[PDB]
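Read the single chain below, which is given as structure tokens and is the form deposited in one PDB entry.
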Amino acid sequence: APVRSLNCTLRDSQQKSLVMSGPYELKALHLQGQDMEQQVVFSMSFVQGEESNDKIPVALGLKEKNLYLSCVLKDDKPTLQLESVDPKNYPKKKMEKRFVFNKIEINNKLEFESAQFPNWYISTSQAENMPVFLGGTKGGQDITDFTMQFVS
């Protein structure tokens, strides 16, 4: 039948919220109070792909926008982009591989690995107001761990 989706927010393990940074980038910053409303709401779709108890293939669309996080090579590197799609055709169960993340449960958190680029992860910097990016390094300075909130 359809694809199943949940509305949600993400925060990094330093409890930084994700906001828009112009039309095709996200940034992470410490938010609390009134400025909370600025945070991006995702539609997390549960998509076709290799799956285990702790590794769940998802797409991350922006709620009621035809925009998805995607992983592509840019100037020869795996790169996180926001990509526009035909709103008539999305979301769908068989999302193209650039749109798929393996949502992995790790020590009471989540990591989002690129299905396209193994061991590349949605990442944030420790610094405030810097882009969300696709990083190839776990256990370093950059943050690869999240919690998820289920929105109405």
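Here, rigid core means the biggest group of C-alpha atoms that superpose within 1.5 Å across both forms. Numbers follow the displayed sequence, beginning with 1.
Displacement analysis by core superposition in 8 other deposited structures of this protein ranks 104-112 above the other of 80-88 and 104-112 in root-mean-square C-alpha distance from the shown form.
After a core fit, the C-alpha atoms in 8 other deposited structures of this protein lie farther on average from the shown form in one of 49-57 and 22-30, namely 49-57.
Checked against the record, the higher mean CA B factor of 47-55 and 61-69 lies with 47-55.
Mean C-alpha B-factor is higher over 28-36 than over the other stretch, the pair under comparison being 28-36 and 90-98. Looking only at 144, 9, 21, 15, the residue with the top Cα B factor in the deposited structure is 21.
Across 106, 41, 85, 122, the greatest Cα temperature factor reported in the deposited entry is at 106.
Residue 126 sits in the middle third of its chain by CA B factor, as recorded in the PDB entry.
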